[PDB]
Q: 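Sharing a structure below in structure tokens format, with a few things to ask.
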Amino acid sequence: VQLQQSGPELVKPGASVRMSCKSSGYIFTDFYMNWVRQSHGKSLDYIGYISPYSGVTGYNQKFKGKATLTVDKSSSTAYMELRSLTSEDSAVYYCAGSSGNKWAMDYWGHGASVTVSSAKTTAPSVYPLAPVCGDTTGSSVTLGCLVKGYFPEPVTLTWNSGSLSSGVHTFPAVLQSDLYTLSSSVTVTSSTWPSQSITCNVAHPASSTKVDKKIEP
Amino acid sequence: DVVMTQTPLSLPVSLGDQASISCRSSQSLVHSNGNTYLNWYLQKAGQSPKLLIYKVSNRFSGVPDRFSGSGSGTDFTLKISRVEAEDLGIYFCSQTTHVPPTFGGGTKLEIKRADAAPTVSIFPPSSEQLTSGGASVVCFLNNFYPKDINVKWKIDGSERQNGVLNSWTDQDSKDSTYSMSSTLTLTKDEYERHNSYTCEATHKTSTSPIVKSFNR
């Protein structure tokens with residue numbers, strides 16, 4: 001049983017976003033469409049459920065306030081509308097089908113991030129973290145690249161257009177205030193650097209940004 | 001709200017051990033119609049949850065024989081017989097007995113290995129940035145084990161929090177380590193206002209802190 005869900009929904013605080021889940025798998029199984037929230041990294045909160053084949057709706061009484069459930073049963077579509085949004089609400093939102101005695105959600109949709117920020121597509125500043133005097137671990141010279149200030153996610157940071165893979169460590173993008181930040185390191189033999197180009201290589205494709213930045217001495 | 005409590009947070013295993021996970025309730029999940037509604041979910045990284053076991057011992061159609069659950073009333077367990085690689089993920093318990101449905105915190109199974117001390121690196125601000133009015137100092141702390149570290153920044157001996165940004169690797173499928181970045185974002189004038197910048201990693205590998213500094 002398969003479930004269809006919405007795009008990522010970037011919005012600014014005070015928004016009434018709407019997501020839909022139209023299932024096409026569970027027809028005649030007089031089942032429920034479930035909605036669950038997944039916080040940043042792990043935590044889960046139940047929002048509620050709706051029966052397409054009936055119109056039975058119930059909510060966790062604490063989401064009973066920010067969400068509402070709708071179903072255009074014909075269209076197989078049931079919608080959740082998250083009104084009044086604040087920064088917190090930036091999370092994955094999951095759809096899920098349940099049938100019979102189990103009282104377990106066996107078919108979960110694919111999810112959709114509802115990222116909130118009061119900023120429009122700011123392209124990124126990209127800076128060279130040449131080992132400005134960490135000096136040496138003999139072998140290890142670790143260089144870095146600082147992508148800071150973009151919005152929204154994602155970026156594609158290669159190092160030397162794809163043939164520099166081994167020793168790379170890119171860290172997940174976290175949001176400074178409304179804007180993202182990201183950095184990677186690349187760790188090397190004492191003879192590739194400085195002698196050969198280690199260019200950090202950032203494309204922030206949502207804002208047509210492509211930037212190669214050489215990490216020289 | 002019936003509070004669920006899964007322990008431990010991180011269960012570190014090696015491949016093919018047994019994995020044992022506990023789930024406790026703030027009261028009986030036995031329903032007034034004899035059924036107990038305790039559910040278990042796996043969420044592998046980058047994917048959604050999936051139904052492993054509903055009603056404490058029933059494998060959902062398709063779950064293998066190595067996952068079987070047990071328990072009653074308030075205390076429940078999942079035992080994985082031989083932890084294959086495709087069993088790594090977050091295991092969450094849920095109770096459907098009372099309204100609202102509630103889930104327990106989650107349990108991450110990470111692969112074990114020895115320790116590894118963090119290879120720290122401290123990075124002065126880039127010239128390009130100083131022209132734009134900013135100064136951010138980055139510490140890179142690579143290839144360590146376990147995932148437990150303390151990083152304190154100390155701008156001229158005195159420590160600093162206001163304005164730190166931190167991010168994390170999960171386990172590397174090469175050498176099962178963790179890595180971290182800590183970016184202290186200052187302003188060009190705070191940077192010019194001060195001289196030595198310290199970055200310190202406290203972790204089981206040194207009793208004495210791992211330190212990394214520079215002066216501008």
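Values below: all heavy atoms of this structure, side chains included; hydrogens, waters and symmetry mates excluded. Residue numbers start from 1 in every chain, and the chains themselves are labelled A, B, ... in the order their sequence lines are given, proteins ahead of strands.
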Q: Using non-hydrogen atoms and a 4.5 Å limit, figure out which bit of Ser184(A) sits close to chain B: side chain, backbone, both or neither.
A: backbone
Q: Can you spot which of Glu200(B), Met180(B), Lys212(B) makes a side-chain contact (heavy atoms from CB on, under 4.5 Å) with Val120(B)?
A: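 Answer after filtering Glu200(B), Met180(B), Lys212(B): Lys212(B).
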Q: Step through the shown structure and confirm whether more than 12 heavy atoms of other residues, nucleotides or ligands are within 6.0 Å of CG on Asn150(B).
A: yes
Q: Assess whether side chain to side chain contact (heavy atoms under 4.5 Å, CB included) is satisfied between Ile198(A) and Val188(A), documenting all intermediate values.
A: CA-CA 10 Å; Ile198(A) 278 200; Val188(A) 288; 3.5 Å; yes
Q: Is it true that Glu190(B) and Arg160(B) have a side-chain N and a carboxylate O under 4.0 angstrom from each other?
A: yes
Q: With a strict 4.5 Å heavy-atom criterion, list every residue of residues 111-122 of chain A that contacts chain B, or say none.
A: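 At a heavy-atom separation under 4.5 Å, chain B is reached by no residue of residues 111-122 of chain A.
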Q: For residues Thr198(B) and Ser213(B), is any side-chain donor paired with an opposing acceptor at under 3.5 Å?
A: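 There is such a pair (donor and acceptor under 3.5 Å, judged by atom type) between the side chains of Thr198(B) and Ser213(B).
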Q: Where does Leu182(A) contact chain B at under 4.5 Å (heavy atoms): side chain, backbone, both or neither?
A: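 When you check distances to chain B, no heavy atom of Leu182(A) falls under 4.5 Å.
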Q: Under the side chain to side chain contact (heavy atoms under 4.5 Å, CB included) criterion, do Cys200(A) and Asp212(A) qualify, and how do the steps go?
A: CA-CA 6 Å; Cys200(A) 176; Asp212(A) 323 337; over 6 Å; no
Q: To check you understand the geometry: which heavy-atom pair defines the closest contact between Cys23(B) and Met4(B), and what is its length?
A: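 Taking every non-hydrogen atom into account, SG-CE, 3.3 Å.
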Q: Under 4.5 Å, heavy atom to heavy atom: which of residues 132-148 of chain B reach chain A? Give them by number, or say none.
A: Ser132(B), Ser136(B), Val138(B), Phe140(B), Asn142(B), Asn143(B)
Q: Considering only heavy atoms, which portion of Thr185(B) lies under 4.5 Å from any heavy atom of chain A: side chain, backbone, both, or neither?
A: side chain
Q: Using a 4.5 Å heavy-atom cutoff, which residues in residues 32-49 of chain B come close to chain A?
A: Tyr37(B), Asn39(B), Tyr41(B), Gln43(B), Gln47(B), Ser48(B), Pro49(B)
Q: Under a 4.0 Å N-O cut-off, is there an ion pair linking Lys62(A) with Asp45(A)?
A: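 A salt bridge is absent here (no side-chain N lies under 4.0 Å from a carboxylate O).
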Q: Within residues 19-27 of chain A, which residues come under 4.5 Å of chain B, heavy atom to heavy atom?
A: none
